[PDB]
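Encoded as structure tokens, the following chain is the form deposited in one PDB entry, with no partner shown.
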């Protein structure tokens, strides 16, 4: 409870980061979800139900693997990969989805809706809804359906309706807008399973609470395998769920550096990027006061990245607060840097990461050079790269 926001959802003061920048038409169901979550987060029978699925269905705990063959590209630092790539569905997204789907059943909701960019949240939601007998509708940007087509097909086999969004940039922010419109119209029977650590309260806190397990496990594992707490813990940052998940357990370890890596695309100087903390500024977007990419008038600037999961011009408010506090540093990583790391990890350790995760790997290599020989860096390997194989094969001239 120490790092939590107030009852209005604000971090850092009653008018600080987070809150609820939503229409009055959503407030009944937002308050309903908030009350349900406050009740269930302190129920042992709920936490038991979530734990039992995490262990037997999702296969937790995920392991921590020392990637020794990266060391020479990381200044002889020691890169430890937290293997969320080995979860059911292939990403950290399932952690949050199991919690929220269990909550939707507890609330008596029969219909679940979700947004997705990379398709990993969409697949995770479809999976949980099939498992729990819930009707499922996934909203996905049209550009993302084309570049993450393996995940579209998976969602459809799992029994979900997939709706391609043609508005705006046809990517994650626009999928979110459509899902929001659905929820406004269907609040009575519909639960909105939001897939990142952003949005109006209670979502940043709830999503973070269900992803906390990553960091809790990693903190035990690294002390066991390296003999001490790490010099750093790093992750990529889309809306911020996998990062906040692994970071949270180390927040009160003052010797542990925390670094979030954001998608810089073609470069931060080009205007084709998603580097929200590097190039953005504070504002109200998708339910929260946080950082976003915006112009002089406050219009959202469309993001770009080779990674569909990091192609988002906003970021969660807890990250904004942690940035302002001086606790986490956030830094750009380009498409090229990420693909060099994607390729290195395949070649050296035999792990095909998500392109999202390859940004974190790329960042860890640079951090390794900065910190030097024997520094212990834990990296959240947020997901696997099967959805990205076609894109990566093309990038490396392999068909």
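Positions refer to the first chain, counted from 1.
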| query | finding |
| --- | --- |
| Mean C-alpha temperature factor, higher of 93-101 and 247-255 | 247-255 |
| Entry-level comparison of average CA B-factors, 84-92 and 319-327, reporting the higher stretch | 319-327 |
| Candidate set 215, 260, 199, 267 [ranked by C-alpha B-factor, highest] | 267 |
| Of the residues 143, 207, 235, 128, the one carrying the largest Cα B-factor as recorded | 143 |
| Relative C-alpha B-factor of residue 356, binned into the chain's lowest, middle or highest third | lowest |
| Residue 73 by Cα B-factor - lowest, middle or highest third of the modelled chain | highest |
| Position of residue 153 among the chain's modelled residues by C-alpha B-factor, lowest, middle or highest third | highest |
| Residue 44 CA temperature factor, ranked by third within the chain | highest |
| Assigned third (lowest, middle, highest) for the C-alpha B factor of residue 170 | highest |
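FYI, the form deposited in another entry isn't displayed, but the following is about it.
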query	finding
Residue 363/residue 207 same rigid segment between the shown form and the other one	yes
